[PDB]
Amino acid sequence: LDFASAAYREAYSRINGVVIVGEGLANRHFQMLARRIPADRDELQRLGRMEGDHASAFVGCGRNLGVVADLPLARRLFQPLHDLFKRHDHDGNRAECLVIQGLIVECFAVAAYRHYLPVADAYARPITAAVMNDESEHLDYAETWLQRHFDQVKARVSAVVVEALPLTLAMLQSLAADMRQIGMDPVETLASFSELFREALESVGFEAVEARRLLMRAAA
């Protein structure tokens, strides 16, 4: 792939834009969670600050390429998912907020970065791999909490998953053409997401059979 080509730099502006905004929103999400899970306020605030650092790292990746990131477009694609999160926050639905940011968004980030890594430029590759090392800490928090409460939350989790997964699938469809132009296979990226996200649901308490069902539902 030619990093100087028009097709690459245009698609890159948009994928980098989504990454930058998404990391931004992950920061905002953890801060909202911190102010509703007082027991782990310090921890959640550190995780949020981690997201801040991820955002500025990816800001630098685009500046290394000399591409301006399309932040307006990213703000637009993220609005349905962020609203859904803002609605759960507003009703004190900390469980559903944790599934959205902590499992769904985190697993999408991991899937995306896994597929970007082998086609990333030499500046971006180390940074990307380090960011990937951080996201397990984010996943473990959400998995631990949700596991501890599995019994009270299970139904609410299944339901928020059904609401949320479609929004992230719409984002992916929108971005699939750009992902191809920067060397990511959006089909294989989605597959990786599915594997990761099933591992996460398992890890909470869902039966392997139930994990697959809840996903396939959301697919169809």
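Residue positions are given as counts along the sequence shown, with the first one as 1.
Comparing 176-184 with 25-33, the higher mean C-alpha B-factor in the PDB entry belongs to 25-33. Taking the PDB entry as given, 152-160 carries the higher mean Cα B factor of the two stretches 152-160 and 189-197. Of the candidates 114, 138, 125, 87, the one whose C-alpha carries the top B factor in the deposited record is 87. Note on the listed residues 55, 39, 170, 67: the highest Cα temperature factor in the record is that of 39. In the PDB entry, a CA B factor belonging to the highest third of its chain's modelled residues is recorded for residue 146. When the modelled residues of the chain are ordered by their C-alpha B factor, residue 93 lands in the highest third. In the PDB entry, residue 220 places in the highest third of its chain by CA B-factor. For residue 79, the recorded CA B-factor ranks within the highest third of the chain. Only modelled residues enter the ranking. In the deposited entry, the Cα temperature factor of residue 4 places it in the middle third of its chain's modelled residues.
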